[PDB]
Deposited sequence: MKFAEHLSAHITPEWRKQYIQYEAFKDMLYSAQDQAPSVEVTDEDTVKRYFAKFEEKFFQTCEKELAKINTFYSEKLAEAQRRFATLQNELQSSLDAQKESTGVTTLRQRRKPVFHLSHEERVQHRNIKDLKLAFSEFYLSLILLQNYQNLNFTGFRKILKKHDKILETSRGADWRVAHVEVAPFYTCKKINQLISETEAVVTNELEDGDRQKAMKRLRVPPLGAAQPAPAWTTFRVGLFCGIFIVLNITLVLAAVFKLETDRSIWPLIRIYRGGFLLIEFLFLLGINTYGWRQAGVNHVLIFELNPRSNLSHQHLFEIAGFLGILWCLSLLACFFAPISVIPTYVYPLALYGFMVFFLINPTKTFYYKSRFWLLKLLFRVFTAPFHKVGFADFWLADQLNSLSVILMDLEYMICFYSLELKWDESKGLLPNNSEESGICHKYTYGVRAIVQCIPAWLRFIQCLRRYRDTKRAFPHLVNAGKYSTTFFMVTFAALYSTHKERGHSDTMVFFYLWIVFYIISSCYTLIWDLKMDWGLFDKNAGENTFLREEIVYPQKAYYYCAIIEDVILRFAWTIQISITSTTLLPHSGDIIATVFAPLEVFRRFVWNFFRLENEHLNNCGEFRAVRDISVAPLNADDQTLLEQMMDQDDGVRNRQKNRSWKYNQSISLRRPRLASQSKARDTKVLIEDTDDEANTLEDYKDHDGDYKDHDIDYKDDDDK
């Protein structure tokens, strides 16, 4: 009863803080002040909060549909997180995010420099996750930290379902890692450390391939430990396509900045590998992840035989939104990896990144359902 009350409290403190944020942005902002670094820094936090909210909705749908998402994840049958707790955590982090944004927008609050407010938020999140005091969701935080350890260094780690799931979720949430690297550079060699104005009126390729690299080496490991080349080397190639696409984007940008003559051939390679990568991940999503387009569909054409969710319109809406937002994700991870689009730049990424988490939230239902009804991942 108190958890539901806290969910309601946070959902509404966050609402009024959002209204205040909109009013301050349309009123308090001093016209030309180069807001872009601020929104780029806070985009990671906003994406994390949205991902937590969408994952709460995911747990809600999983519980209603009758799936054993506490068994596939190998979670304990008791003392796991329901949708209420995820909503509460999301609301608390959103409250902190809004308070930090309002403090940044309101300089006359104190004489303390504004640029400390972002870290005080993000560091808090780390301090929230690094909580050895066994106070707040200690089992959940311990499980998450163990998963992060077994994911971020996972050549020498047998891959269970949770490892693969978080590794896949990293690709769609990689905007946070990109923004982290950008803010590290911004604090290193952009701001002056003297003026109290945080607005300030090829590594990128590696960092963006990092989630792809983790899932690549995790599927290579799965093949090594299983000997089934088809279900795993295919995914290895799927993320190799991401490697090639990011590499060709970087080469194209470098050669265009240098005025290199042969940059058009690099553009052609980039576009062909973009088509290849997008189609590859899309066909894997539809055919293997969700398990749709099964030849034994019958009356459930374009879907599979066994359907758990009530309405079939959800599946078709998801198919269309997937075939659109997967192209969106590929174009976004190609643009933000380099200086591909100087004009749009952060605008298209800021529009698409929130949608990549939505696409992954939608994909979570069907991946969990496909793995539940028939053990698609071979995790047994």
Worksheet entry | Missing segments of the deposited chain sequence, listed N- to C-terminal | 1 to 230, 432 to 445, 625 to 720
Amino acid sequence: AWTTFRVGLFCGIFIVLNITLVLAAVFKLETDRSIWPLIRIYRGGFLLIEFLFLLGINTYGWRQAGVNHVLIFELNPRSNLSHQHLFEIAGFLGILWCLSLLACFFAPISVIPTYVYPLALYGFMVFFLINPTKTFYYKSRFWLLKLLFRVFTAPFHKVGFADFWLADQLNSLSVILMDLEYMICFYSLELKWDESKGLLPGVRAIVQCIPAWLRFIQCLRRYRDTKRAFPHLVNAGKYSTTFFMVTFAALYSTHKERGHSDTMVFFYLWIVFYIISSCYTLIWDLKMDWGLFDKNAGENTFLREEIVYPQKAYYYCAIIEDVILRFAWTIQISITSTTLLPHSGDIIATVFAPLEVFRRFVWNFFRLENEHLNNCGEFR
From here on, numbers count along this sequence of modelled residues.
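We call the rigid core whatever largest set of C-alpha positions still superposes within 1.5 Å between the two forms.
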Response to the item:
Comparing 209 to 217 to 252 to 260 by root mean square Cα deviation from the shown form in 7 other deposited structures of this protein, core aligned, the larger deviation is found at 252 to 260
Practice prompt. Name the stretch that deviates more in 7 other deposited structures of this protein: 153 to 161, or 105 to 113? Use RMS CA distance to the shown form, core superposed.
Written response: 105 to 113
Worksheet item: Is residue 310 left out in a third or more of the other entries?
Response: no
Worksheet item: Do at least a third of the other entries of this protein fail to model residue 123?
Response: no
